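Engineer: One structure follows; several queries about it will come next.
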Amino acid sequence: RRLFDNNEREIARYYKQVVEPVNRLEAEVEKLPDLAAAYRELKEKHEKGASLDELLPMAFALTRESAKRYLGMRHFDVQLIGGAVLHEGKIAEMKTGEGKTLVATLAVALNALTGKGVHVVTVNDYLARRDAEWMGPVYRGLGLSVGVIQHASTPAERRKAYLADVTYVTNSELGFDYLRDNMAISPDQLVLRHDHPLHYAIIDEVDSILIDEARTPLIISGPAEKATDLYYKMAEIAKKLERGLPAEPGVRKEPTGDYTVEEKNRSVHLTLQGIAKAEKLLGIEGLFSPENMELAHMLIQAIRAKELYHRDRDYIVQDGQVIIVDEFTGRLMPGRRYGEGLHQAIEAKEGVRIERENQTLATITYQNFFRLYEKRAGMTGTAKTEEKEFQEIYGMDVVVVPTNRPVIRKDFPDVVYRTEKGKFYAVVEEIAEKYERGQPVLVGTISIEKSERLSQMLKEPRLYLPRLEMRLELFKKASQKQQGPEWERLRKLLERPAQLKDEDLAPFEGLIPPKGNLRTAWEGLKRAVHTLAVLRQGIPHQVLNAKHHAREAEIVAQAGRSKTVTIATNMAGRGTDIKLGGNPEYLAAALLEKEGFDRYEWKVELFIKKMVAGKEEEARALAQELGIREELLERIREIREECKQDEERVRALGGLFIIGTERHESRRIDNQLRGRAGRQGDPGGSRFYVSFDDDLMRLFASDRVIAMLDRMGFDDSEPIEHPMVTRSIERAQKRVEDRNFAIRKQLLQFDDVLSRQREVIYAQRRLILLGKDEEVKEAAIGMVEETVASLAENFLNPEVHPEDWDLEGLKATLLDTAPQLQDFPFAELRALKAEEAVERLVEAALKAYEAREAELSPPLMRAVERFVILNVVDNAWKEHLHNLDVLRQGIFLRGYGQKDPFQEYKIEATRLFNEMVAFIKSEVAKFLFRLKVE
Amino acid sequence: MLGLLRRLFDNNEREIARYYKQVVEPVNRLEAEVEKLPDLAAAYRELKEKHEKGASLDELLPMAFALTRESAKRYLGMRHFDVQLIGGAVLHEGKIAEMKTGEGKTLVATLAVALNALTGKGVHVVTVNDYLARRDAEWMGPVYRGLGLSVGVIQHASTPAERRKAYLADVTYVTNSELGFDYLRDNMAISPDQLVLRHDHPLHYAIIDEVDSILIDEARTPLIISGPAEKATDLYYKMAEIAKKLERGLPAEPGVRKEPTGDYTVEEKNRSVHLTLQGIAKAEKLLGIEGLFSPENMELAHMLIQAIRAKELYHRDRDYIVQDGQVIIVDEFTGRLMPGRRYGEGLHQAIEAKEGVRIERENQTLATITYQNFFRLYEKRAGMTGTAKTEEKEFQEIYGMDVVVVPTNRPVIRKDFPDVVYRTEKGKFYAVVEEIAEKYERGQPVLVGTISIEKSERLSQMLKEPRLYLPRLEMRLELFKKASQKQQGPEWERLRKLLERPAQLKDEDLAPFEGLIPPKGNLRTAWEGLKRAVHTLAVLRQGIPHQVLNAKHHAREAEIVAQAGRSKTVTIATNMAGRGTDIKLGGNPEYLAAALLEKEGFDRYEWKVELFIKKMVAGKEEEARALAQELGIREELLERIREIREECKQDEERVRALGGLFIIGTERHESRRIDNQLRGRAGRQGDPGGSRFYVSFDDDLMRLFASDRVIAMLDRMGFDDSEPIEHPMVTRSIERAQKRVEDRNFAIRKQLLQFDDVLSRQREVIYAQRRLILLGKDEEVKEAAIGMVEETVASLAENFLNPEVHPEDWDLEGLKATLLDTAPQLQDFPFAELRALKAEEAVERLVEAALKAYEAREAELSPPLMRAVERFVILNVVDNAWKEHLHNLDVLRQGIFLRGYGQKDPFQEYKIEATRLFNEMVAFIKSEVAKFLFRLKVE
C-alpha cells in the first residue's frame, strides 16, 4: 500500500513536512508563558508576508500546546496530519468522532491568522454548539474568538458570530443565511461579513453534507406573488377604460390608450384622464407614482394584455388555462408563462383562474454554494469511496489518514432472512445473547416504527411466542414418526407454551439422536425456549429515535457499559464517542448538583479529565481552586474505578458490537454504524441483517429479482446463503447509490444554468446595496442610456435616410422621460440620420438629471435610484424564478427527440433572462423619470 | 407472493399459460389424429399448400408442430415435451426462449424451424462453433427429412459452392462468424457465381442457439475485412510528375476551342476540364494506349483527373496547411485545421503526392458489419439460451426480441453453494484440490472450470503431482502445532515426532491419537484440518485421473465430456470447454456410436443407426429389432450395447445418490450469466447436483476490474492468508467488481453500435445501390443510370446558370463544365435560350439532349452492351469510391477521438462529419458515373 498509492507516499511526506517538525518544536513552544502572545506574533509574521504554508509547523505546535494546557489532549501525530490535509483544502478521512473535532482546530488556527473568517459546519446544531464550547479553551488560549450559530439565533447574534475568528454552524443554517443575505433590504439585515464573507470552510461530515444531503436544493417558498383579487380587478378596469387615438398634428393623445403600432411593442396610456380614472378606483394619483410601483405595473400590464396581445392568435386557450403559442413552429407553447407576470394578467383578461400557492423566492444548491468559498475542505470516516466526485465538483482530493490504533473491530458478514419478521426474531435472539453474556449492544434501525417494534418484542415477551411455537410445530412434523411412551410425554408438555422452561426439555434429551436432521430441530426448539425465558427475565432498552439531540447524546455516551442495550434509530447518537463504561458524563452529573458546569468549565472538566486520568499533581491544584472536598474526590474515584473494572469485563467480553437491522442506501452510511464500535484500537464487532422485505430490497431491487427471489422458495425461518441472493443484495445497494448519484448530478446540471443567472442579478443587487453612490449613480444612468438608445433606435434607425419615423420616437422617449425638447430634434434628427441622434439625446438626459439633483437634493435622487432599482429587479426576479420552476417541471415531457430536454431548457432559459434584463433596464429608466418624491 | 400473486401479476406466468392454451393443449389434442398418418412428409407438403393458399403461419402452428413432434417421435424417438412446444412457439414468435440445459434447446429449434420452413424462403440456425452446427444438423436430420425438409450445413472448410447449396436448403446450420463473413463476402463479390446466400431472401429468419453468447459476449467487436492498400504509392507519385510536365491551357476563344491540356474551373467553379486530345494523348503515351484509357482504365482516368485537380483547383497553403506530419485539411468554416479529415474520391493521397508527402501502404476496411446491425437485417430474428432474461431490455431494444422464461421440465434441485473467498490465488487453489480429492474419494463426479489454459494445467499438475499438495499438509501441520504444544504429556510427544515426518502420516497414524481430541471447537477444528489434508494427500497419491479439456479439439473433448457423469470421473473443463454435450450421469449413445464407428458408419445410416442406439437404450424390443434387421447388427453388437447401457443405468443410480455432478468454478467470469452456466452444467433434468465458486483477491476479476481503491483497502485489511474469508467489505467488492465489468462491456458494445449505427444507414444505401445493379434488373438498371445523368447535369449547369442576375452573367464555364463531363456538344443555340431565357428552361433543356446522345451510343454499342457499360461503370465508380470512404472513416474514428472541443461529444462531431463525407461521396459518384458513361469507349 505504502509503496503503491497516493495515500501512502503522501502520508510519509506529511510526516516529514508536518509531523516531525511540529514535534521538534514542541520543546521550545512549551517553554512559552503565553501562547496567545505567540499567536498574535504569528499574525504579524504572516502579515509581514510569511506564507501560511511555511508558518504551519509553528502554528500547529502552538495550537497543540494550547490544547495541551487549556484542554489537556496533545494532538496525536496523525491528528496533525488531518490538520494539514484540512488546510490543504482537502478531505481528511478519519474513523472516529473525537479524533475529528480536535483535528479541526489545527487547520482552523493556521487559517484564522488572516482573520478573514473561518467556517466549520456540521450536520446538526447540537454538535455545532458542542464542538464549539468543547474546544473553546484551545481557541481562546491563542486569542481566537468562538462564533456559534444555532437555529434560534437572531440576525444580530448571527452577524456577531460570523464576525468572529471561527464560526460553528450547520450546513442548512449557513446555507439559508447566504440566500437571505441576497434577499436583504437594509444592510442591517445582512449577517455574513462583507469583506470575505465565505472565506474558508471545513465540513465536519462531508459525505453526509455534500452527498447524502445534497440531493435537493435550498428553497425558500414565499406566499403567492400578490393574490387573485388585485389581478381580476385589474382586468375589469382595463375594459371600463375607453380606447384612445394617437397624436394628431400638434394636438396630443386622445383618451387613455395609445396603442403600439400593432407591430411595435409599446403601450402608451398617457392621457392624465386615464391615469386619474384608474387611481380613482383604489388610490391617490400621488401614491400611484410614488410607492405604488407594483400597481402601475399591474395597470400597465393589464392594458398591455388587452390591447397589444391578440388572444386566439398569440395563444390558444383551453379548459386547462392559457397556453402560449409559438409563431416559430406554429404550435402551442408547452408549459411556458409570460414575462414580468403578464401571464396571470392575460389569464385575468381571459377570466381564466389564476394560482394561489407558494413559489421559489431564492434557490441555491449545496454544490454551487460551498463552491463559492475561497477555500473548502472537510472530514469524515467515510469519503474515499466518493473521491472522484469531490475532486471533480468541489476540487477537494481525499486523503486516507492513518488511524491512531489498529482497527480490531470484527465486522461479520450479513445474515439474510426471507421474511422481515423472521429477520427481527433473529435480531432479538442476538440481543438476548449479548445481554446475557454482558456485552453491550447498539442496534441500528432506519425508522421509528421499526425502532419501537423492536422495543416491544424485547419488553413484553408475548411477542417471541410465534418463534417458539413455530420452532415447536417444526420439531413436531418430523417428530411424530416416533411413537413410544416417552414421546407422548413431551407431546403434551409441548401442547402448552410456558411449562416449557429449560427444565421441561432437559429430561427428554435422552430421546435425541446425535444425527443431524432432528437434533437440528431439537436444538432449534431448545434455543427458542431459552430465549423466551431470557426475554421474560427482562432486557433494559433505551431507544434513541433522534428527537432530543442533547438528551440522547448523554444516553449514548454510556452505551459502552456492560449490560447496556441501545436502539439508535437512524444515526441517532451521531457524534458522541461510546467508550466501554462512560466516565466523565455521569461525573459531570454528580458535579451538576454541586459546582455547576458553565463558568468553571475551564477547571471542572480539566478536573474530571485529570482525576480519571490519574494525575494526583494536576488533579489537586484544580481541586483547590474548586470546592472539592474528599467526599466528591472519592465518589469520583469510586465511579472511575468501577468503570475501569467494567471496561475490563467488557473490553474482554468482546466490545461494543453493533447490530444493523437493515442495510442503508449506501455502503458508507452503514460502514458508519459499524464504525461506532472498536473506536481507538478497542475490541468490537458488527453484523448486518437483511430480509427480502426490508427497504433496500423492494424499493431499489429490480422487479425481476424481487420476483425470482420469492419463486426460489426459501425456507422462511432459517438463514439464507445463496449466490443469487448475495448477488442481488450487494447489487441493489449499488443501484440506489447510483440512482442518488444521478438524482444529484441532474440537480447540479440544472443549477449551473441558473448560476450565471444568479451571478448577475445577485451582484447587480449588491452594487446597489453596497451603496457606492459613485457606482450607484453611474449604473443608474447606464440604464437610461440603453433603454432610450434601443427604444428610439428601434425604428429611428432605418437604412432609409431622413424620411421615415419621428413622432413615435418622440412619445417613446417622452413616456420614459417626463421631460421634453421638441422643435429642434426634427432639425438634426429628421435631417441628419442615425449617428448624431443617439448621442445628442444622452447629453440632454443628463442635464435633466442634474436639474433633478436640485429639485430633490442629490442625496434623495440616489435614494430613489436605490428604491427604484431594487424594487424593479427583485420584483422581476421572483417572477423569473417562478417562470423557471414552471419551465423545468414542464418542458421535461418527452419533447422533440434527440435535442436533450436540457438543451431546450438552457436555450429557453437564457432567452427569458435576457428578455428579463431588457424589462429591468427599461423599467428602471421610466420609473426613475415618472416617480414623485414626497 | 410466490404462488398466487405473481400468477395474478406478470408476464412470464400469464404468458406461459396462454402458450399452454393456444399451443400445448391443441398440439396434444391433435397427436391422436396425426399419429395415424402413414406419411408425415405428405402431411407437411400439404401444409405448404394450405399456407400457400393464404393460411397464416400462426394458425397452422398447432398442426405443423404436432407433425414435427410425431416425426421426431418416429424417426428420432423423442416426443417434444409440452414445454419444448412452448420454446418452439416463442422461437416462432421471434423472441428469446430461455431454457436451462443443452438438448432441450436443440430439439426445440426444429419446432419453429418447421413451421417457418413452409415458406421455403430459408431458415438459418446459428451456434457458437462449427462442431455444434454439424452435430445438431445430423443429430436432428431425421426429424427434418421425415417431413421433407433439406438439411443445409456450413462448416468453415466449406467451399463457396457447398455454401450456396447449403443456404439453398430449407434449413441451414452455420456458426455466427461463418454466416457473418459470408454476408460481407457477398457484398464484395465480383461474379454472381461467387455469391453464396440466396438472392430471393437471403437472410430470412434466424434462430440463434446461444444468443447471449453470440449477441453479447461476442458482439463487442465488429466483423471486418481489410484488403490490400487501395492501389500503391508508385502510381500515385507517377501521377504527380505527369501533372507538372503537362503544360497549362487557356479556355475557349470565340469559335476556336480549348488551348492545351488544362481547362481550369473558373477559380470559383469546381470543374477541371482537361480535354484537348493532346493532353489525353500525352498522358496515355506514358503507360497505356488511348484506347485502354477510356475502356477499362477507368481507375487510371480517375487518378489522372484527380492529380490535375489537386494541382490546379486546390490552393495548397490556403485550403490546407502541411506539416512534418502530413497534409492536414483546413476549414474555411472556422478558419482552422481540419483534424484527421481526408479528401473524397481518394483525392487526399493525390494532394499528398503533389506535396511530395509520404502516402500510406497498409490495409483498410473493405466491408464492415457489427453482429448487431447484421442480425438486425433478418426478416425475423429469434434465439435461445438458459441465461438471457438478465439482458432482456437490451435484446428488446436492439433486436426487438423479448425474453420468455420457459418453465423447466423437471424442478431444479442443484445445490448452488455460496462463494468461498481466499486471500491468495495460490491458497484458493490449494483449497480447490482439497475439494476435488474429497469428491473423488467419496466417488461423486467433478467438473472444474478455469478461465485459461495455464491455470487448467497448473491445477492439473497439482493433482497428478501430489508433490504439490505437501505445503498444504505441512501448513495445516504447523498450525495444529502452534496451538497444540500447550499440552505437554507422554501421548502428545508421541505424535509430535510422527508429525516430524510427512509421509508416515497416512490415516492410520492419526487414528490412535484421536483419544487426545477435545470435542471442543478451537482445536478439533485444527485437528480435522490436519486430518483432512493427510487424507487428501493419500487420495492424490492414490492418483486422481484427470481429463483436462482446454477447448482445442471440439469433437474429441465432447466425447470425453459425455462421460464426465460417471462415478470416479474428474474433468477440468477450461473455458466453456465441453459446451454443448449434456453431461448425463453416464454417457450412453456417444460411446455407443463409438462402438458402431469401427463397424457400420454413422453418416449414411444416420436415419437408422441413431434411431437404433436411441431405441435400444430406451428398451423397445419391438422398434429395436426392425432397425437391427435393416442393419448388420448381430447379437455381439446388440449385447455390448445392452452391456454398456445396463452398466450406465447403474452408474446413473450411484452418482444420483452420491450427490450429483457438482461443478467447481475456479474463479468468477466477466458476467453472472457466463458463470451461471457452469453451474448450469449440473442438475440438468431434475437431476441431483451442486456447485460452488472460489475467489481470490488475485484472480482476474478482482484485479483487472476491481477499483484501485478496493484492490488496496482489501490488502491492508490484512486477511488470514490461508483460511476462508467472510467479510462485508469483501463480498461487497466482489459482487460489485463483476458488475463493473458487465457494465464496462455493455458500454464497450454500446459505442461500437453507435459508431456502426451511423455507418448502417451509410452501408444500407451503397450496399443496395450496388445490388440493384447486380440483380441486373435491366429496366431498373437503365432507369437508375439515366437518373445520375439527370442530377449531375442539372446541378452542374444550374450551379451558376440559375442566377438572380437575370440573363447576362455566366455562360462559357457552363459550356466547358458540361463539355468535359459529356464528350458530345451543341453550342450555337444554347446561347439563345440560355443567355436569354433565365433559369427554369436551362436545366430541363439539357436533360433531353443528353438522352439523345445516350440513345445514339446505344447504337455504337447495341442496347445490350450499353447496359453492360452501365454495370461495369457504376460498380467500378461506387465501389472504388466506397473503399476510400471506409478508409476515410477509419481514419476519422481513430482520429477525432482526441479530446476535441468540450461538451459536444466526440460522437456528435463524428456523426456530423461522417454524414458530410457521405453526401459528398454520393455527389462524386453520381457525377462521375454520368461522365464516364459519356466518355467511355466500347471496344
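Protein chains in written order, with the deposited numbering: chain B, 6 to 939; chain A, 1 to 939.
Just so it is clear, CB atoms sit at the ideal spot from N, CA and C, and this is done for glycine as well.
Roughly how many whole angstroms lie between the Cα atoms of residue 60 (chain B) and residue 51 (chain B)?
Structural biologist: On the first sequence, position 55 is the one that residue 60 (chain B) refers to. On the first sequence, position 46 is the one that residue 51 (chain B) refers to. Each residue's Cα considered, the two are about 8 angstroms apart.
Engineer: Quick check: the region 660 to 670 of chain B against the region 441 to 460 of chain B, are at least 3 beta-carbon pairs closer than 8 angstroms?
Structural biologist: The region 441 to 460 of chain B is in contact with the region 660 to 670 of chain B.
Engineer: Determine the direct distance from the alpha carbon of residue 531 (chain B) to that of residue 518 (chain B), and round the result to whole angstroms.
Structural biologist: Within the first sequence, residue 518 (chain B) is the residue found at index 513, counting from 1. Within the first sequence, residue 531 (chain B) is the residue found at index 526, counting from 1. Their backbone Cα atoms lie some 15 angstroms apart in a straight line.
Engineer: Tell me the DSSP secondary structure of residue 82 (chain A) in three-state form.
Structural biologist: The residue you call residue 82 (chain A) lines up with position 82 of the second sequence. Helix, per DSSP.
Engineer: What whole-angstrom Cβ distance do residue 433 (chain A) and residue 463 (chain A) have, given they're in contact under 8 angstroms?
Structural biologist: Counting from one through the second sequence, the residue named residue 433 (chain A) turns up at place 433. Counting from one through the second sequence, the residue named residue 463 (chain A) turns up at place 463. Yes, they are in contact, since the Cβ atoms of residue 433 (chain A) and residue 463 (chain A) sit about 7 angstroms apart, within 8 angstroms.
Engineer: Could you tell me which chain A residues have their CB closer than 7 angstroms to the CB of residue 726 (chain B), listed as they occur along the chain?
Structural biologist: As a working note, residue 726 (chain B) is residue 721 in the first sequence. Neighbours of residue 726 (chain B) on chain A, chain order: 418.
Engineer: Can you give me, in chain order, the residues of the region 683 to 702 of chain B that have a beta carbon less than 8 angstroms from any beta carbon in chain A?
Structural biologist: Listed in sequence order: 693.
Engineer: In its own chain, which residues sit with a C-beta less than 7 angstroms from the C-beta of residue 909 (chain B), not counting the 5 before and 5 after it?
Structural biologist: Here residue 909 (chain B) corresponds to residue number 904 of the first sequence, with the count starting at 1. Once the five neighbours on either side are set aside, the close Cβ partners of residue 909 (chain B) are 896, 900.
Engineer: Can you name the start and end residues of the beta strand (DSSP E) that residue 374 (chain B) belongs to?
Structural biologist: As a working note, residue 374 (chain B) is residue 369 in the first sequence. Element bounds for residue 374 (chain B): not the beta strand (DSSP E) but the alpha helix (DSSP H), 371 to 375.
Engineer: Tell me the DSSP secondary structure of residue 385 (chain B) in three-state form.
Structural biologist: What you label residue 385 (chain B) is simply residue 380 of the first sequence in a count that begins at 1. Here residue 385 (chain B) sits in strand by DSSP.
Engineer: What is the rounded straight-line gap between the Cα of residue 522 (chain B) and the Cα of residue 689 (chain A)?
Structural biologist: Numbered from 1 along the first sequence, position 517 holds the residue referred to as residue 522 (chain B). Numbered from 1 along the second sequence, position 689 holds the residue referred to as residue 689 (chain A). If I take the Cα positions, the gap works out to 20 angstroms.
Engineer: If you run the structure through DSSP and keep just helix, strand and coil, what is residue 142 (chain A)?
Structural biologist: Translated into positions along the second sequence, residue 142 (chain A) becomes position 142. In this structure, residue 142 (chain A) counts as helix in the three-state DSSP scheme.
Engineer: Please identify the residue among B:866, B:562, B:186 whose C-alpha is closest to the C-alpha of residue 938 (chain B).
Structural biologist: Reading the first sequence from its first residue, position 933 is the one you call residue 938 (chain B). Taking only the C-alpha atoms, the option nearest residue 938 (chain B) is B:866.
Engineer: Can you say whether residue 589 (chain A) is buried or exposed, counting buried as having 16 or more other CB atoms within 10 angstroms of its CB?
Structural biologist: Start at 1 with the first residue of the second sequence, and residue 589 (chain A) comes out as number 589. So residue 589 (chain A) ends up on the buried side.
Engineer: For the alpha helix (DSSP H) that contains residue 750 (chain A), what are its first and last residues?
Structural biologist: Translated into the one-based positions of the second sequence, residue 750 (chain A) becomes position 750. Segment 728 to 774, the alpha helix (DSSP H) holding residue 750 (chain A).
Engineer: Can you list the beta strand (DSSP E) stretches of 3 or more residues lying completely in the region 818 to 879 of chain A, in chain order?
Structural biologist: Fully enclosed beta strand (DSSP E) runs of 3 or longer: not present.
Engineer: Would you list the residues sitting across from residue 665 (chain B) in a DSSP beta bridge?
Structural biologist: Sequence index remark: in the first sequence, residue 665 (chain B) carries index 660 (1-based). Paired residue(s): B:449, B:693.
Engineer: Measuring CA to CA, which of B:586, B:557, B:79, B:673 is closest to residue 210 (chain B)?
Structural biologist: On the first sequence, residue 210 (chain B) is found 205 positions in, with the first residue counted as 1. Closest by alpha carbon: B:673.
Engineer: Report buried or exposed for residue 542 (chain B), applying the criterion of at least 16 other Cβ atoms within 10 angstroms of its Cβ.
Structural biologist: Counted from its first residue, the first sequence places residue 542 (chain B) at position 537. Exposed, because fewer than 16 other Cβ atoms sit within 10 Å of the Cβ of residue 542 (chain B).
Engineer: For residue 156 (chain A), tell me which candidate among A:145, A:176, A:138, A:169 has the shortest Cα-Cα distance.
Structural biologist: Position 156 of the second sequence, counted from the first residue, corresponds to residue 156 (chain A). The shortest Cα separation from residue 156 (chain A) among A:145, A:176, A:138, A:169 belongs to A:176.
Engineer: My output table needs one value for residue 180 (chain A): the three-state DSSP class, helix, strand or coil.
Structural biologist: Here residue 180 (chain A) refers to the residue found at position 180 of the second sequence. Correct three-state label for residue 180 (chain A): helix.
Engineer: Using 8 angstroms as the threshold, is the region 673 to 686 of chain A in touch with the region 383 to 390 of chain A, meaning 3 or more CB pairs across them?
Structural biologist: Flag = yes, the region 673 to 686 of chain A and the region 383 to 390 of chain A touch.
Engineer: Between which two residues does the alpha helix (DSSP H) containing residue 105 (chain B) stretch?
Structural biologist: Within the first sequence, the letter at position 100 stands for residue 105 (chain B). That run of the alpha helix (DSSP H) goes 103 to 117.
Engineer: Provide the residue span of the alpha helix (DSSP H) that contains residue 415 (chain B), from first to last.
Structural biologist: For the purposes of this step, residue 415 (chain B) is taken as residue 410 along the first sequence, with counting starting at 1. Element bounds for residue 415 (chain B): not the alpha helix (DSSP H) but the beta strand (DSSP E), 415 to 422.
Engineer: So with Cβ pairs under 8 angstroms, would you call residue 1023 (chain A) a contact of chain B?
Structural biologist: Residue 1023 (chain A) is absent from the structure shown; chain A starts at 1 and stops at 939.
Engineer: Can the beta-carbon of residue 404 (chain B) be found closer than 8 angstroms to that of residue 95 (chain B)?
Structural biologist: For this step, residue 404 (chain B) is matched to residue 399 along the first sequence. For this step, residue 95 (chain B) is matched to residue 90 along the first sequence. Cβ distance < 8 angstroms, so residue 404 (chain B) and residue 95 (chain B) count as in contact.
Engineer: Determine which residues of the region 661 to 673 of chain B have a Cβ less than 8 angstroms from any Cβ of chain A, and write them out in chain order.
Structural biologist: Those residues of the region 661 to 673 of chain B that come within reach of chain A (Cβ to Cβ, closer than 8 angstroms) are 672.
Engineer: Can you look up residue 150 (chain B) in the DSSP assignment and give me helix, strand or coil?
Structural biologist: Numbered from 1 along the first sequence, position 145 holds the residue referred to as residue 150 (chain B). Of the three classes helix, strand and coil, the one that applies to residue 150 (chain B) here is coil, per DSSP.
Engineer: Does the separation of the CB atoms of residue 204 (chain B) and residue 378 (chain B) fall below 8 angstroms?
Structural biologist: In the first sequence, counting from the first residue as 1, residue 204 (chain B) sits at position 199. In the first sequence, counting from the first residue as 1, residue 378 (chain B) sits at position 373. Yes, they are a contact pair.
Engineer: Name, please, each residue of chain A whose Cβ falls closer than 7 angstroms to the Cβ of residue 735 (chain B).
Structural biologist: Position 730 of the first sequence, counted from the first residue, corresponds to residue 735 (chain B). Neighbours of residue 735 (chain B) on chain A, chain order: 731, 732, 735, 736.
Engineer: Name the chain B residues that come within less than 7 angstroms of residue 712 (chain A), Cβ to Cβ?
Structural biologist: Position 712 of the second sequence holds residue 712 (chain A). Correct list: 6, 9, 10.
Engineer: By Cβ distance below 7 angstroms, which residues in the same chain neighbour residue 614 (chain B) in space, the five residues on each side in sequence not counted?
Structural biologist: Mapped onto the first sequence, residue 614 (chain B) falls at position 609. Result list for residue 614 (chain B): 77, 589, in chain order.
Engineer: Taking 8 angstroms as the cut-off, decide whether the C-beta atoms of residue 820 (chain A) and residue 342 (chain A) are in contact.
Structural biologist: Position 820 of the second sequence holds residue 820 (chain A). Position 342 of the second sequence holds residue 342 (chain A). No.
Engineer: Going straight from the alpha carbon of residue 335 (chain B) to that of residue 319 (chain B), what length do you get?
Structural biologist: Here residue 335 (chain B) is taken as the residue at index 330 of the first sequence, counted from 1. Here residue 319 (chain B) is taken as the residue at index 314 of the first sequence, counted from 1. Using only the alpha carbons, I get a separation of about 10 angstroms.
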